Amino acid sequence: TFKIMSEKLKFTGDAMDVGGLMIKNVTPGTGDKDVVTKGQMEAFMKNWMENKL
Amino acid sequence: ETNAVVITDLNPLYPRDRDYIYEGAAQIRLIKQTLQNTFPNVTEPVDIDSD
């Protein structure tokens, strides 16, 4: 962990990682691929295209 | 001068002034082993990025 960040040497705006942070567990904050699934549930099941639409 | 300290606990206010200081070499070993135990991985630790 320490050695890899040494070659970075540019972390000034906090993390600024070159990856995509492909891991997270829960919360409406950092968004995983479930945001798209969450969006279509809100759009179809309960907000826009409700039952009998 | 104590001996078994590996938690970066080196007492500097208990030496002596007229009796044996035949531990300064041993102090160096004690200092070195404390540093090695705390960080047993040192090749180029420029990774501080002080800002």
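In the block above lies the structure referred to throughout.
Residues numbered from 1 in each chain as written, not as in the entry; some residues may be left out. Chains lettered and ligands numbered in written order. Part of a larger assembly, values for the part shown. Heavy atoms only, no water. Residues with missing side-chain atoms left out of burial classes, pairs and counts.

**Student:** I'd love a proper account of the overall build of chain B, names of residues and values included.
**Tutor:** Secondary structure summary: chain B contains one helix and zero strands in total. Taken over C-alpha atoms, the radius of gyration comes to 15 Å for chain B, far larger than the 10 Å a tight globule of 51 residues would show. Taken over the C-alpha atoms alone, chain B extends approximately 45 × 20 × 15 Å along its principal axes. Charge-centre separation for chain B: the mean point of 4 positive side chains lies 17 Å from the mean point of 9 negative side chains. (Helix = DSSP H or I, 4+ residues; strand = E, 2+ residues; numbered from the N terminus. Rg over C-alpha atoms; globule rule 2.2 N^0.38 Å. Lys, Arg positive; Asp, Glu negative; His and termini not counted. Charge placed at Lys NZ, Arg CZ, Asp CG, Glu CD.)

**Student:** Describe in detail a nonpolar patch on the surface, supporting the description with residues and values.
**Tutor:** A surface patch of nonpolar side chains, amounting to about 450 Å² of accessible area, comprises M41, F44, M45 and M49 of chain A. One can find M45 of chain A in helix α2 (residues 34-47). (Patch = residues over 30% accessible without salt bridge, like charges linked within 9 Å, V, L, I, M, F, W, Y side chains within 5 Å. Areas by Shrake-Rupley, 256 points an atom, 1.4 Å probe, with all protein chains shown as cover. Salt bridge = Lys/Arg side-chain N within 4 Å of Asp/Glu carboxyl O.)

**Student:** Break down the interface of chain A and chain B for me, citing the residues and quoting the values.
**Tutor:** The figure often quoted for interface size is the accessible area lost as the parts come together. With eight residues of chain A at the interface, the matching set in chain B holds six residues. Of the roughly 590 Å² buried between chain A and chain B, counting both surfaces, carbon and sulfur atoms make up 51%. At the boundary of chain A with chain B, the tally comes to zero salt bridges. At the boundary of chain A with chain B, the tally comes to one residue pair in polar contact. (Contact = heavy atoms within 4.5 Å. Buried area = accessible area lost by both parts, 1.4 Å probe. Polar contact = N/O pair within 3.5 Å; in protein donor to acceptor, adjacent residues only side chain to side chain.)

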